[PDB]
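Trainee: this one's structure only:
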DNA sequence: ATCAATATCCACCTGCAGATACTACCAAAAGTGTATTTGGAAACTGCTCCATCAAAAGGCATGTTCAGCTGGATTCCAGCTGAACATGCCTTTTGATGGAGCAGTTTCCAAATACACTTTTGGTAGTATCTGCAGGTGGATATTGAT
């Protein structure tokens, strides 16, 4: 279950181009995959905590918004 | 009134603060730079502190006002209440 | 045949992707990754579509910010190539590793 | 013919000395005058407790020490041992203060 | 019969005031709702803290004024303070 | 001339439990008071938020448990949860 | 009885004073709430909304469009010092970034 | 943790330095209290490897 | 400077998803009036600690000299990253189906609050008391730098 190679190398290069980067080493891709997986599990842990506290089975957008806000990464647009 | 006291933060004091931070060699242009930084920091806290003091209609700044300002800037401080 | 010099298409892509607002990761792979990660905290969870959309928006914003910081750390050392040690320095200074 | 330590020896010795201790590193009276001057620029005829100025001193010293550590990291990144103002600026920019 | 209150119509009134002939999409309106809610919670939390520090049991106009001063910077703080003061005097004098 | 409550004696009891013959200074005791107050406010604020999200009007043991899980990491969260659960069962069964 | 002229009209505002009063009561912020607190808060909120909307509308009319989208809100926020410093830690969905390339990366 | 630190430095009474040494040396405590300043605490003895001689 | 080849930008067209009105209505949400309580503003006062002074004395800061070592520039080279093609795999759309799980309704019952006494217990002042610890002394130890 390599769903982490779902984040292809051209995708990471696009993300880098948006950040203004002009040249990319060949060892950068594994590093960004690790960073992204860390961030994602950090957020999803608290989202699932918020969910199971309310005795639900469906993760809602508000649970993700709260989990993000508690990390100090407020997100506008999904508050409905 | 009092004016021009940022120079009371002497070069040896900054060198000591840098030694505690692990710094081995220090450029000659650092000192001036550092002073600026420090001033900004203080102005951000004292302002907040004074904003608390005038809210209670007091005239003396207490340690709790400083602790509240530091906390509201995300710099929590243990020891003074 | 016509060939651009190494670096021209790079700045063209930079301008193109800084003028745009789209998402840069494909949606189905990210969805699969999110479900696989959530598989370890609790089994048989369901996700609304807006939940995965929010997760994707947040992740892309995070990564773009990290790449800006990395580019600064690279330029500081008088390079133009970003290397893993630049990412490590940026994250160490932000406090994400420390 | 007189004894002289080579450059960098007393610096490491001072590093150990000042990392082993807990005292304050700025004189009390100059710092107090500075704080009073800034406060007077904010609101006239203020007073201060003693513990208030002590708290301000502790907080400011902690801030500067952390900043110097980040600056050292940025300097070492560039293959140097001498810290220079551009390192302070890079650290304060990555942190998010300027 | 479950409703869902929001600040859509008030944001639309303000927009028609400052830009008489420009419209707004639905996603931008959701962004504006999120913004209003966020700033409201910030100000209200700070005012509650201020009231607790002074052992007061009431939130008044002074708590809101001080919270505004503590939260907004410079230009924003000055103009918001002036606006709110004018509003309160207009309200009481009526 | 009004009294000033604190957690000094309870911290001293805990210390005499884990280290029977070690003492503590006054400044360290002030640090410990600050620590207890800070962590208490963190947990209580998070539990209040949790209660507001679910449109509940009561703070119960589940809110405290979830706040503990959301605030403490790994080892700390596990052991604190076990300790509090044991305390509550010991209390109700008495 | 008389005509029930409300409160937001009394204060000369567009935002609702009664709704803000109810939200201040129910939100568990204090055990009493004054009469001028909702008026003050409504005035401040209306001022901030009008500021950000004027900036966003100028951006939208600059890109030859008639209808504001989240990109215009992001361009308005990030281009102003005090707004960018008030909202420095928020993510706007479908906003993008600011066009900006370092000078050393350009050719020549 | 603080008492173990204090008994390590041949002392019988805990001071703020011992609290700082206990907090900064543990992962989960240092990550719970990562953004607090302890008055009269000092720092952790740590010198980069490149600054050492030879 | 030439120019040939690309990619970008501007004008025009248009079909369509999305903004805009409206009627309805309707639950609900705000405004009016009133009687009651209580929290907060006033006036007074007592004492705490904050600003001022001063004096002496030594510990820290300033300035100067000398040298060493580090940062910065120049050169060269190898290797690693970018640009272009050609496949071919995987994402996307969209159309439909079950179906499980979330949201609204009704009871009704266990749990939390308000109130009144009572015992205790934890906190402060005073006065007291050891005692661990900070500062000093001397000697041994370990490290550095020049041969």
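Mentor: Happy to help now that I have it. Numbers count the residues shown, from 1 in each chain, chains lettered A, B, ... in the order given.
Trainee: Which residues belonging to the one helix or strand residue G:51 maps to are considered buried?
Mentor: If you go by DSSP states H and E, residue G:51 is part of helix G:36-62. Buried residues in helix G:36-62, defined by neighbour count with 16 or more other CB atoms under 10 Å in any protein chain shown: G:36-57, G:59-60. To be clear about C-beta, it is placed using only N, CA and C from the backbone, and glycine gets the same treatment.
Trainee: so how far is residue D:43 from the closest residue to residue A:79 other than its chain neighbours?
Mentor: The shortest distance from residue A:79 to any non-neighbouring residue, by CB to CB, 6 or more residues apart in numbering or on different chains, is to residue E:34 (4.3 Å). Distance, residue E:34 to residue D:43, by CB to CB, to the nearest Å: 36 Å.
Trainee: Now do the same contact list for the closest residue to residue G:83 other than its chain neighbours.
Mentor: The shortest distance from residue G:83 to any non-neighbouring residue, by CB to CB, 6+ apart, is to residue G:77 (5.0 Å). By CB atoms under 8 Å, 6 or more residues apart in numbering or on different chains, the contact list for residue G:77 reads G:52, G:55, G:83-84, G:87, G:92.
Trainee: Residue C:64 too?
Mentor: Here residue C:64 is in contact with A:15, A:18-19, G:97 (CB under 8 Å, 6+ apart).
Trainee: Out of those residues, give me the one that has the most neighbours.
Mentor: The most neighbours of any of these, using other CB atoms under 10 Å in any protein chain shown, belong to residue A:18, which has 24 neighbours.
Trainee: For chain G, what's its nearest residue on chain A.
Mentor: Proximity of chain A to chain G (CB to the nearest CB) peaks at residue A:77, 3.3 Å away.
Trainee: distance of that residue from chain B?
Mentor: Distance of residue A:77 to chain B, computed by CB to the nearest CB, to the nearest Å: 25 Å.
Trainee: Is there contact, residue-wise, from stretch A:39-47 to DNA strand I?
Mentor: No. Using CB under 7 Å from any atom of the strand, stretch A:39-47 never reaches DNA strand I; the gap is at least 13.4 Å.
Trainee: got the buried residues for that stretch?
Mentor: A:39-40, A:43-47.
Trainee: how many neighbours does residue 76 have?
Mentor: You didn't say which chain, so I picked chain A. 24.
Trainee: I was thinking of chain C, sorry if that wasn't clear
Mentor: Neighbours of residue C:76 (other CB under 10 Å): 19.
Trainee: Dihedrals phi and psi, the nearest residue to it once chain neighbours are set aside?
Mentor: In space, and not counting its chain neighbours, residue C:76 is closest to residue D:90: 5.4 Å by CB to CB, 6+ apart. Main-chain torsions, residue D:90, degrees, to the nearest 10: phi -60, psi -40.
Trainee: Make sure residue D:90 is actually in contact with residue C:74.
Mentor: No. Look at residue D:90 against residue C:74 with CB atoms under 8 Å: they stay out of range, at 11.2 Å.
Trainee: And the residue most central in space within chain C, how close does it get to residue C:88?
Mentor: Per CA atoms, centre = their mean, the C-alpha nearest to the average position across chain C is that of residue C:63, at 3.3 Å. Residue C:63 sits 15 Å away from residue C:88, going by CB to CB.
Trainee: same thing with residue C:17?
Mentor: 25 Å.
Trainee: for residue A:50, same thing?
Mentor: Taking CB to CB, one finds residue A:50 at 31 Å from residue C:88.
Trainee: Settle it for me: which of these two has more neighbours?
Mentor: More neighbours surround residue A:50 than the other of residue A:50 and residue C:88, with 24 against 16 (other CB under 10 Å).
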